[PDB]
């Protein structure tokens, strides 16, 4: 999570209880469903998680097959958004969106990462 420490934002590792609360809430929700996505949006608003935080969370709540498909989709969405010029405040010469979004004070970029991360759960492969 990104929290206040001193006069600034700083990364703080997930608390055990935070992970358990999300895991228990979302355990009976289908990955990619609207309720899945809104549950995770709530967690994102609460915790302001970094990309690493979100990866860690996936280990509790998503199968490897779903994680892999999700990340493949997300990586493409990030690449496509850069080329199509829909990323605000993003200069790729300063690192990838994933790299820059880890910076605690980079909330505007991380918010965009978080939204792409949410949307990437839609249309997981089928049939």
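Positions refer to the first chain, counted from 1.
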Seminar exercise, completed: As the entry reports it, the stretch among 49-57 and 97-105 with higher mean C-alpha B factor is 97-105
For this session: Look up the CA B-factors in the entry and say which stretch, 2-10 or 117-125, has the higher mean.
Result: 117-125
Seminar exercise, completed: Note to self: of 39, 33, 73, 67, the C-alpha temperature factor tops out at 33
For this session: Pull the Cα B-factor of residue 84 out of the PDB entry and bin it into the chain's lowest, middle or highest third.
Result: highest
